[PDB]
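Student: Can you read through this structure? Questions will come right after.
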Amino acid sequence: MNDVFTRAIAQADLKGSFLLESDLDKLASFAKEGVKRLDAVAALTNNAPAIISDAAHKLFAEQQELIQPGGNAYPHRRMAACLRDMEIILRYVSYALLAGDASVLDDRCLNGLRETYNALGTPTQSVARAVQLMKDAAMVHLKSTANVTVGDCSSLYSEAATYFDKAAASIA
Amino acid sequence: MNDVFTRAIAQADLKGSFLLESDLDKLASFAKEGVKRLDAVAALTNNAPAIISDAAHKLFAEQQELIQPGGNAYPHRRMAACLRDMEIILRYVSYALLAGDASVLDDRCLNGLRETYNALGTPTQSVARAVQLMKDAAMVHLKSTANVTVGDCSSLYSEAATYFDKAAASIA
Amino acid sequence: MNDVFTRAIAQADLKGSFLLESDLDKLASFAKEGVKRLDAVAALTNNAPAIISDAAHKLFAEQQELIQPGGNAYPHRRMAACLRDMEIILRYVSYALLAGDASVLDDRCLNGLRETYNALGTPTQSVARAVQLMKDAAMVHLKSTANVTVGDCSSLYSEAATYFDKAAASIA
Amino acid sequence: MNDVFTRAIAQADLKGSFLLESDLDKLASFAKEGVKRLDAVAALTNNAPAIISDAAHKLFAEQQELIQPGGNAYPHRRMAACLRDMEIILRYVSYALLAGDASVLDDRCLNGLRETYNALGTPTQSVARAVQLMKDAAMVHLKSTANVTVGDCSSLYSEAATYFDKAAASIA
Amino acid sequence: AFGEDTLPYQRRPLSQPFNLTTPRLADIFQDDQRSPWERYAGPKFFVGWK
Amino acid sequence: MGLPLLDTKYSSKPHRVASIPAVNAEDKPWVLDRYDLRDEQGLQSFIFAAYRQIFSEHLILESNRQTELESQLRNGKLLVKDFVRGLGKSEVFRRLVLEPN
Amino acid sequence: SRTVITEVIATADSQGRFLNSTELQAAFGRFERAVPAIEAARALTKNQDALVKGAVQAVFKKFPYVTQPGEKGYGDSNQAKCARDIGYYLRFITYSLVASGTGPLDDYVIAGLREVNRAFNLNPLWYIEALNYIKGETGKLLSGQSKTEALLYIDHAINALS
Amino acid sequence: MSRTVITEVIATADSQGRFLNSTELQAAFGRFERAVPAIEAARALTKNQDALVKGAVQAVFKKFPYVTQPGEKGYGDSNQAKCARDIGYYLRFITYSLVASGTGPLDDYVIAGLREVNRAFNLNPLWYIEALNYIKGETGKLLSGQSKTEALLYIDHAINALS
Amino acid sequence: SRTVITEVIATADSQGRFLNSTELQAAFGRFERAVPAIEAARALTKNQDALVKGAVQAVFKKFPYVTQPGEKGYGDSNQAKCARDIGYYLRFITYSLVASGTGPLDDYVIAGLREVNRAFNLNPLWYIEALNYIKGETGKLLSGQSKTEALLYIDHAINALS
Amino acid sequence: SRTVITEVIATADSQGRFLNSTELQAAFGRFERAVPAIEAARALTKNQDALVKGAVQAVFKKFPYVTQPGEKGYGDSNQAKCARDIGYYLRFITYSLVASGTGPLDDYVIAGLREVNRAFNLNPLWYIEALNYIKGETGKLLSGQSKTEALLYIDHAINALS
Ligand SMILES: CCC1=C(C)/C(=C/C2=NC(=C\c3[nH]c(/C=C4\NC(=O)[C@H](C)[C@H]4CC)c(C)c3CCC(=O)O)/C(CCC(=O)O)=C2C)NC1=O
Ligand SMILES: CCC1=C(C)/C(=C/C2=NC(=C\c3[nH]c(/C=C4\NC(=O)[C@H](C)[C@H]4CC)c(C)c3CCC(=O)O)/C(CCC(=O)O)=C2C)NC1=O
Ligand SMILES: CCC1=C(C)/C(=C/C2=NC(=C\c3[nH]c(/C=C4\NC(=O)[C@H](C)[C@H]4CC)c(C)c3CCC(=O)O)/C(CCC(=O)O)=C2C)NC1=O
Ligand SMILES: CCC1=C(C)/C(=C/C2=NC(=C\c3[nH]c(/C=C4\NC(=O)[C@H](C)[C@H]4CC)c(C)c3CCC(=O)O)/C(CCC(=O)O)=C2C)NC1=O
Ligand SMILES: CCC1=C(C)/C(=C/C2=NC(=C\c3[nH]c(/C=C4\NC(=O)[C@H](C)[C@H]4CC)c(C)c3CCC(=O)O)/C(CCC(=O)O)=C2C)NC1=O
Ligand SMILES: CCC1=C(C)/C(=C/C2=NC(=C\c3[nH]c(/C=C4\NC(=O)[C@H](C)[C@H]4CC)c(C)c3CCC(=O)O)/C(CCC(=O)O)=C2C)NC1=O
Ligand SMILES: CCC1=C(C)/C(=C/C2=NC(=C\c3[nH]c(/C=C4\NC(=O)[C@H](C)[C@H]4CC)c(C)c3CCC(=O)O)/C(CCC(=O)O)=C2C)NC1=O
Ligand SMILES: CCC1=C(C)/C(=C/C2=NC(=C\c3[nH]c(/C=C4\NC(=O)[C@H](C)[C@H]4CC)c(C)c3CCC(=O)O)/C(CCC(=O)O)=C2C)NC1=O
Ligand SMILES: CCC1=C(C)/C(=C/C2=NC(=C\c3[nH]c(/C=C4\NC(=O)[C@H](C)[C@H]4CC)c(C)c3CCC(=O)O)/C(CCC(=O)O)=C2C)NC1=O
Ligand SMILES: CCC1=C(C)/C(=C/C2=NC(=C\c3[nH]c(/C=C4\NC(=O)[C@H](C)[C@H]4CC)c(C)c3CCC(=O)O)/C(CCC(=O)O)=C2C)NC1=O
Ligand SMILES: CCC1=C(C)/C(=C/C2=NC(=C\c3[nH]c(/C=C4\NC(=O)[C@H](C)[C@H]4CC)c(C)c3CCC(=O)O)/C(CCC(=O)O)=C2C)NC1=O
Ligand SMILES: CCC1=C(C)/C(=C/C2=NC(=C\c3[nH]c(/C=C4\NC(=O)[C@H](C)[C@H]4CC)c(C)c3CCC(=O)O)/C(CCC(=O)O)=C2C)NC1=O
Ligand SMILES: CCC1=C(C)/C(=C/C2=NC(=C\c3[nH]c(/C=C4\NC(=O)[C@H](C)[C@H]4CC)c(C)c3CCC(=O)O)/C(CCC(=O)O)=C2C)NC1=O
């Protein structure tokens, strides 16, 4: 399972060559923005309960059919599993955000998720909608400037957005 | 695993509504005839060796090619496997007769058994024939009026016949 | 997982017949030549590291792409897996040679090796070439008369060639 | 399995009060000197194999009855076991060094090692002697200041002596 | 593989986990569940800007 | 018991041939053991990892929590093999895993 | 779900044995107890509207502050969901009565209760108050033995919540 | 898939993930030496199969008179035929085991599932024990020296499993 | 309890191997981190009475219903227990600060939090927003990295209560 | 491959939790780690050729016999392969420096080293001595944190070989 440094190393070894000075410069810039990246990952970590709560509330406001008798989130058990899925996806997204590489999602979470959801009978578009709602919820907490040094981190916002979108696309 | 009551409950919950008075009356009648149902189930349980032995004798009179060298019941392990299969299917039929629903029989016994027999090279028509022979040898015992109160057990006889026919049709 | 005796007995049983005079004579001949057979299996077992080293030397002389970076035997753990696979296949050939039947080779070793290699990305024709190189290196050790009584062993050489080719063709 | 900070917090909770400023001062004094402790532990870790080789050589030198047959240290596998024991006790002393507490030493294995060596029959005073002499051998390496910035190391030496002798006195 | 002391774990490099690929149920119809083409036929209990 | 079982008819799998350490260290699953049970937070993590290995992390619900087995484990009167077996021989494992399949 | 019959069959099927005499005695007990339980289920089914509305009102009385603005009880939607949830609990109590087992409750309601209540911040005490109101009115609606059955199931739900 | 000397050797070498050491090929040499008396016994026992089976059937009837009267298992031509067929099976698998130098044929083809089949069809193990005792007596004469011991080992194994 | 050094030593001894680089110099990172954390602990230890007194009334402001008779907060003794609980939480935040890990807060507070809170019918939101007030007042008392430290440890406590 | 970040994520995922405080502290430690390590990698990448030539010449020097015909090290091809192998080791040490973890070295060089050496009759002491020469040379090339880090990874490789 690869982070950005290991991904660069794997590319270099496939070429069978030392790392370039340009690639070392890129990795050094990554290590420089690492503090901002840690702040974003910690924001997701702390705000995970509120993120999942907001996403669940909006999702079940939009799709009553899920929570109707016979729906895919009707009893307490299926709703609890739904919220567990939201937490699992948010957790793997935070993993990838820290590592700076989406290998965590693809390897551990999204490798066979659509086939699993089809086997269970789960509406997959609704899962993707929950992922997108979680993305919208998490952008608010990532943008929050309270108790954190002010700065520009739009690259991190775009990065987290593309991991959420990758998760949704692999699920949907 | 469902019985008649849980089948009714699940259907009502899918409709999202309480049980109608017609459904409760049906279940009351079921419970009232439950003592006769217990009699039939006990007749099947107590006479399992007799049923299996008679079915085996008849089957291996009809189909001698099973017990010839190169047949599918030739050595001792294969004959013991045959008798074991008959006992297992009789067990699940008695379960389905007590419950009142063929859900246990279909889910736990017959759901993938034809594929198994094909993978093992077993003649599924011979297995179905053995199941019908157990049907005959069993309804001999369910109809044994001796030692029990006389009454109309036609519904139970039909139910047992349907379970055995379902087994035979599923295997073959 | 049968020796030649067990295949004889199983083929006889399928017909439901005793073992004939000719079959018993052939099996007694096999037992008589089992002394040569033990010499051959010992010649394989004693010299296994030498056989694997010779095969690897020749194979990475002829196919340098295996050991270059980006190759399939390069990263120095894939080289260990290469040599380990060679030793496994040599071991199973020795098993088969002792038994007199290629059953153990076919079932315990090669059952799903082709698709395993395809999923990994391993060039299967190179693996088959390595098996053929092990055959070539092992024939010399088999034909060594040192410390062994001189005699005819052309049949054993043919059998060993058959087993090595069976492994190689299964992989390829 | 406790740290000096862990022990301080344990006593603070036991008395039910907050951590006193004197306790905080001593923790800060320990922490500011952390690189002291880390360099000592890391040098011990790196040079451990040489320490163990020297220790084995000498313990063979002064103590002779072991090496000949019949002693509690003749066989070769028994030599692997003795080397493992000296390695692990050195490692446990390293753990006590880094943690700054002997609870990581006393609780884990010293409790059971007593009855273990009583049941085995190997003398315990020889074990304590080997502990002391391996302490001397490791201390010699711990003196080595080359390749590292110069500084004082007396307190770490005192703590290491206390921990080695504590392990010996427990074993003895 | 594990013995009396170790907890079971998948003997595969874990970049391809089991529990993700294998669910507890696969391709069955459930009694409490409802077919995806079906729709709920029961009390609406509210009208939120339908 | 009764009759013997059929033949296994093996196939080539990574676990069968693993004389060489795995490709990635972090990708090796964690090997929980008796020592992990000595601590307390470690014991909670061990219990959760067992529930995740057997019950698949979606059945880790307070209704599904075997408390008798957990208390026996915490005592030290229960092996890890017996804890795993007791999770397998449980009402939740039959009702949630065996019945559907 | 889990009824008397289903536990009997599953216990037999887990040891791989035929249903023996003790199992049939338990099933007989179920079939004799079915009449009072079905009577209780019919009684609670006939009066579902009064029970649900009174339970919601008892919930509001016990916790007036919840219906204040910014709290969970304010708004038509939240009280409609209140009535819906109490209807769910009553429905599953009657299901458990008919099934003669706590299986419908243990599967539909209790399985995942803590996680869902903590996720949506639903106080269990609201539902315990509503179930206590249902418990009280069951005594008026039901006499003798059907009352005892309904009370067993409502108590099981209450203990599951608390 | 039988449990023979060669195959037990191969299986115990495979389970340990190692080559065949000295002792494995060593026991294999023992087996290959063993085979000549075993094949001699199997030949001398397959040649006399029909007389052996006939004598065994008659001996079982002599030792168990009650089975012969009407209303019992032994009454009827068909039960006669199946008695002869069962004893022929036992003899054939004893010869198989002799040839294979192991109890794999008996333990797999006859012994496994023996009790269940006997119980289901109400077959008495003592009938076959008496038949095998008669066959043992006759192979006491038919075989000389090593071959007699080799045949008696497997007949005794079958008798022990019947009991 | 659990600390970074404790994690290092337990992991190293579990495999029976000497310490690897990451372990050593993550312990280095902790040794450096000790300096701001201990200052944060001292700062939190100075003001404890004001923090607890503010927390109790912050709870009362946010949740008034707990004060009226028949509720948990009513009575002098119950409010004293409230103050004691908030003092416990603050002391364990300081303990985590000096320990550089959530260890003391996890074994001393989180371990068995939910069942104990449920048995005594203690609503966790009380403690949640009391901890929120404590976070707000650390918003002024502290400055610099120590600030973040305190905040995150309080973070963890909140994360575990919900 | 194993790294600080990668083991952080693996540990978090094993326990089914988000990254807590200590995990991000270790991540911060590695992020500060990177700079001296990346300068070490740049210095070793600039001076790869002289280092390789010195290592190969030292291997010949302290093993004069292998240079002679009839031995392993004789020949142009064998010595070119020696140079290539030392280039491999230096490249993977630079990889470990850049990754700030022994993931690359363990992944490529260490995993399966013994079996390959035994099968091809490659004496580990040659590579140990070449690593020792590289240790000495970087004793001159680097200083400060970078020297310590590079020596640490070279020592890891040396212990793995020996
Ligand atoms: C490796 C990481 C991982 C993921 C991602 C994962 C997803 C996952 N969710 C599952 C169940 C489920 N998943 C859902 C989720 C849906 N419900 C509603 O439709 C929502 C729209 C939607 C969620 C937002 C539900 C309701 C279930 C319950 C199905 C059941 O109980 O059978 C299952 C079936 C396994 C089981 O229940 O034991 C898996 C594998 N599992 C994993 O181990
Ligand atoms: C103990 C756990 C830990 C954390 C949490 C951590 C994060 C962290 N963030 C920092 C500053 C910062 N943090 C951010 C990121 C934020 N800026 C805001 O505007 C964005 C909403 C947000 C983006 C996610 C930025 C831009 C800086 C300024 C310094 C820099 O960019 O390098 C600093 C340097 C202190 C300073 O000079 O301000 C640290 C150590 N490090 C740790 O060891
Ligand atoms: C692998 C070797 C093998 C054996 C050994 C074997 C025994 C065997 N004998 C059988 C029949 C039988 N065999 C006998 C034997 C009796 N006949 C009497 O003359 C004697 C007293 C006595 C023999 C000494 C009898 C009575 C039956 C009929 C039992 C019945 O069907 O009710 C059957 C049931 C098949 C059928 O109904 O025809 C088996 C399985 N089967 C095998 O495949
Ligand atoms: C609860 C659902 C269920 C059932 C019932 C089931 C039956 C079953 N029958 C089997 C083999 C068998 N089944 C039979 C029986 C058939 N062949 C005979 O000719 C008869 C005509 C006929 C029986 C009336 C035989 C002879 C075998 C042995 C095949 C063999 O050993 O190769 C086997 C595998 C072989 C073993 O492990 O011993 C199973 C699992 N499996 C299930 O999961
Ligand atoms: C401990 C296990 C158990 C057993 C053994 C059992 C048998 C049983 N059967 C009964 C009545 C009965 N049993 C039967 C069944 C018979 N009708 C035909 O003759 C068939 C041969 C046969 C069933 C196929 C019938 C029809 C009744 C009377 C039904 C009624 O009066 O309501 C009764 C009640 C006596 C009565 O109604 O006066 C019992 C206890 N019940 C049990 O709980
Ligand atoms: C330690 C395990 C073990 C081994 C290894 C073994 C082999 C073995 N080979 C023998 C002779 C023999 N060995 C061979 C085989 C050789 N013929 C050709 O030279 C080939 C190069 C070569 C085999 C490939 C032959 C043909 C005989 C004589 C058999 C005959 O009469 O034709 C002998 C008898 C000679 C004596 O004891 O003096 C033995 C015991 N037996 C064992 O218990
Ligand atoms: C019976 C169980 C047993 C075994 C197997 C065993 C092997 C063994 N050989 C040793 C030393 C040795 N081994 C050798 C032999 C090798 N070294 C040179 O390179 C030679 C060229 C080469 C000989 C072919 C030598 C010369 C030593 C002496 C090293 C020393 O202690 O100074 C040692 C170190 C401790 C000692 O014996 O003093 C062991 C354990 N010792 C045992 O008690
Ligand atoms: C929990 C951590 C741990 C401890 C505490 C430990 C000590 C230990 N030493 C043992 C035997 C032993 N102990 C020794 C060492 C003694 N004999 C002489 O060499 C010396 C005087 C002295 C060492 C200085 C030896 C040689 C054995 C082997 C006895 C045998 O194999 O029969 C045993 C018995 C089981 C085994 O060796 O695997 C243990 C448990 N091992 C551990 O994994
Ligand atoms: C990879 C893990 C790691 C290591 C190995 C490490 C060693 C290390 N110790 C340092 C400070 C230091 N370290 C020492 C300790 C040394 N003095 C002597 O007595 C002994 C050889 C040894 C103690 C046993 C000293 C004296 C300093 C100078 C700072 C001071 O103590 O005032 C420095 C900063 C260099 C500088 O001052 O510019 C490093 C890199 N740091 C790390 O993060
Ligand atoms: C007991 C029966 C059995 C066999 C034989 C078997 C072989 C086997 N070889 C494997 C990998 C491999 N196999 C090879 C060998 C090939 N690559 C090069 O082209 C060489 C020329 C050539 C060797 C002749 C290599 C290099 C790998 C590693 C692939 C990787 O690590 O990604 C794997 C995948 C698991 C792993 O080792 O990582 C298996 C299962 N497994 C079994 O259960
Ligand atoms: C299997 C049976 C079952 C139950 C019981 C159940 C309860 C339940 N009620 C919910 C909403 C709700 N339920 C209530 C109930 C409150 N309303 C009043 O204020 C009262 C004080 C109190 C009821 C006594 C409220 C306020 C909400 C909205 C909470 C939110 O949206 O965050 C939700 C969130 C899902 C949604 O509808 O969007 C669930 C799961 N769900 C089920 O599938
Ligand atoms: C070291 C870890 C630790 C914690 C965290 C802790 C909290 C704690 N507070 C308790 C009592 C209590 N605590 C409160 C305080 C609540 N009610 C209001 O005043 C406030 C809004 C609110 C506090 C924020 C009350 C009312 C009780 C009495 C509960 C009862 O007896 O019914 C109890 C039960 C003890 C008893 O009932 O005798 C615990 C366990 N105790 C510990 O040992
Ligand atoms: C990823 C890291 C990696 C390593 C370390 C590695 C070692 C390695 N070196 C090799 C070649 C070689 N290596 C050597 C030994 C060297 N030549 C002598 O001049 C020196 C004394 C000595 C170095 C100090 C020799 C003589 C060969 C060619 C002959 C042979 O492979 O046996 C080979 C065999 C390649 C082939 O078959 O052509 C391997 C596997 N391979 C790898 O992929």
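Simple scheme: letters A, B, ... for chains in structure tokens order, numbers from 1 for residues in each chain, numbers from 1 for ligands in the order shown.
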Using only C-alpha atoms, find which residues of chain C lie within 7 Å of chain B and jot them down as a ChimeraX atom specification.

Tutor: /C:13-16

Student: List all protein, DNA and RNA residues that have at least one atom no more than 7 Å from any atom of ligand 5, counting only C-alpha atoms and all ligand atoms, and write them as a VMD selection string.

Tutor: (chain B and resid 32 to 33 35 to 40 42 142 to 146 148 to 153 156) or (chain G and resid 21 24 to 25 27 to 28)

Student: Suppose we keep N, CA, C and O atoms; can you now write the selection as a compact mmCIF listing (two decimals), in the first residue's frame?

Tutor:
```txt
# COMPACT_ATOMS: atom_id res chain seq x y z
N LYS B 32 -54.49 -24.18 16.30
CA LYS B 32 -55.47 -25.16 16.77
C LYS B 32 -55.19 -26.54 16.20
O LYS B 32 -55.32 -27.55 16.91
N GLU B 33 -54.79 -26.62 14.93
CA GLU B 33 -54.42 -27.91 14.34
C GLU B 33 -52.96 -28.28 14.62
O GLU B 33 -52.49 -29.35 14.19
N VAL B 35 -51.64 -29.48 17.22
CA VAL B 35 -51.45 -30.75 17.92
C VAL B 35 -51.41 -31.91 16.94
O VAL B 35 -50.59 -32.83 17.07
N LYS B 36 -52.27 -31.89 15.93
CA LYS B 36 -52.21 -32.89 14.87
C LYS B 36 -50.90 -32.77 14.10
O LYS B 36 -50.31 -33.79 13.69
N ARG B 37 -50.45 -31.54 13.88
CA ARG B 37 -49.16 -31.33 13.23
C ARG B 37 -48.03 -31.97 14.04
O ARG B 37 -47.14 -32.61 13.48
N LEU B 38 -48.07 -31.80 15.36
CA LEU B 38 -47.08 -32.43 16.23
C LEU B 38 -47.16 -33.94 16.14
O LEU B 38 -46.13 -34.62 16.18
N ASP B 39 -48.36 -34.49 16.03
CA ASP B 39 -48.49 -35.93 15.86
C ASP B 39 -47.82 -36.41 14.59
O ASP B 39 -47.09 -37.41 14.60
N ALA B 40 -48.04 -35.70 13.48
CA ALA B 40 -47.41 -36.11 12.22
C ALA B 40 -45.90 -35.98 12.30
O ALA B 40 -45.16 -36.86 11.82
N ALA B 42 -44.01 -36.16 14.97
CA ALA B 42 -43.49 -37.22 15.81
C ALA B 42 -43.53 -38.57 15.10
O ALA B 42 -42.65 -39.40 15.31
N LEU B 142 -47.61 -41.80 8.72
CA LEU B 142 -48.45 -40.69 9.14
C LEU B 142 -49.91 -41.10 9.26
O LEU B 142 -50.63 -40.60 10.13
N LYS B 143 -50.35 -42.02 8.41
CA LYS B 143 -51.73 -42.49 8.43
C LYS B 143 -51.98 -43.56 9.47
O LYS B 143 -53.11 -44.06 9.56
N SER B 144 -50.97 -43.95 10.24
CA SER B 144 -51.15 -44.98 11.25
C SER B 144 -52.08 -44.46 12.33
O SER B 144 -51.65 -43.70 13.21
N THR B 145 -53.35 -44.85 12.26
CA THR B 145 -54.36 -44.38 13.20
C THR B 145 -54.11 -44.88 14.62
O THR B 145 -54.54 -44.22 15.57
N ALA B 146 -53.43 -46.01 14.77
CA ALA B 146 -53.26 -46.61 16.08
C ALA B 146 -52.47 -45.69 17.01
O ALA B 146 -51.58 -44.95 16.57
N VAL B 148 -53.23 -43.00 18.61
CA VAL B 148 -53.56 -41.58 18.64
C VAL B 148 -55.06 -41.41 18.45
O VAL B 148 -55.77 -42.30 18.00
N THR B 149 -55.54 -40.23 18.84
CA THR B 149 -56.94 -39.88 18.65
C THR B 149 -57.27 -39.78 17.17
O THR B 149 -56.48 -39.25 16.38
N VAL B 150 -58.43 -40.29 16.79
CA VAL B 150 -58.86 -40.26 15.39
C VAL B 150 -59.25 -38.84 15.01
O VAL B 150 -59.78 -38.08 15.82
N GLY B 151 -58.98 -38.47 13.76
CA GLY B 151 -59.36 -37.15 13.29
C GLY B 151 -58.97 -36.98 11.84
O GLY B 151 -58.44 -37.88 11.19
N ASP B 152 -59.25 -35.78 11.33
CA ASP B 152 -59.04 -35.45 9.92
C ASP B 152 -57.68 -34.78 9.75
O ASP B 152 -57.54 -33.58 9.95
N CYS B 153 -56.69 -35.57 9.35
CA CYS B 153 -55.34 -35.08 9.10
C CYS B 153 -55.03 -35.00 7.61
O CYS B 153 -53.88 -35.14 7.20
N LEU B 156 -52.55 -32.16 6.76
CA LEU B 156 -51.17 -32.50 7.06
C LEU B 156 -50.61 -33.49 6.05
O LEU B 156 -49.43 -33.40 5.69
N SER G 21 -38.68 -35.33 21.89
CA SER G 21 -39.90 -35.12 22.65
C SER G 21 -39.91 -33.78 23.37
O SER G 21 -40.96 -33.14 23.49
N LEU G 24 -40.92 -31.06 20.97
CA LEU G 24 -42.35 -31.10 20.69
C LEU G 24 -43.17 -30.63 21.88
O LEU G 24 -44.24 -30.04 21.69
N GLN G 25 -42.70 -30.86 23.10
CA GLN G 25 -43.38 -30.30 24.26
C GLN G 25 -43.32 -28.78 24.26
O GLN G 25 -44.32 -28.11 24.56
N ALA G 27 -43.05 -26.90 21.60
CA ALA G 27 -43.95 -26.48 20.53
C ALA G 27 -45.40 -26.57 20.96
O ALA G 27 -46.23 -25.73 20.58
N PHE G 28 -45.74 -27.60 21.73
CA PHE G 28 -47.10 -27.73 22.24
C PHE G 28 -47.44 -26.59 23.18
O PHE G 28 -48.55 -26.06 23.14
```

Student: Hey, list the chain E side of the contact with chain B: 10 Å cut-off, only C-alpha atoms, answer as a ChimeraX atom specification.

Tutor: /E:30-34,40-43

Student: Taking every C-alpha atom in sequence order, what RMSD do you get when chain I is least-squares fitted onto chain J?

Tutor: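 Result of the CA superposition: 0.5 Å.
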
Student: Show me which residues sit within 6 Å of ligand 13 when counting only C-alpha atoms and all ligand atoms, and put them as a ChimeraX atom specification.

Tutor: /C:57,60,67,74-76 /J:59,72-73,78-79,81-82,85,88,108-109,116,120,122,126-127

Student: Taking the chain letters and numbering used in this document, name the residues of chain H that DSSP puts in alpha helix (DSSP H), as an MDAnalysis selection string.

Tutor: chainID H and resid 5:15 22:47 49:63 77:100 104:106 114:121 125:142 146:162

Student: Tell me, as JSON, numbers by chain, which residues lie within 9 Å of segment 36-42 of chain F, counting only C-alpha atoms; anything in the same chain fewer than 4 positions away does not count.

Tutor: {"D": [1], "F": [32, 46, 47, 73, 74, 76], "I": [1, 2, 10, 14, 103, 106, 107, 111]}

Student: When you draw a straight line from atom CA of residue 146 of chain G to atom CA of residue 44 of chain G, how long is it in Å?

Tutor: 10.3 Å

Student: Using only C-alpha atoms and all ligand atoms, what are the residues with an atom within 8 Å of ligand 4, set out as a ChimeraX atom specification?

Tutor: /B:56,59,66,71-74,77-86,88-89,92,108-113,116-117,120-131 /F:3-6

Student: Could you give me, as a list in words, the residues within 10 Å of residue 96 of chain F, counting only C-alpha atoms and dropping anything in the same chain fewer than 3 positions from it?

Tutor: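 Residues near the query, excluding close chain neighbours: residues 24 and 25 of chain E; 55, 59, 91, 92, 93, 99, 100 and 101 of chain F.
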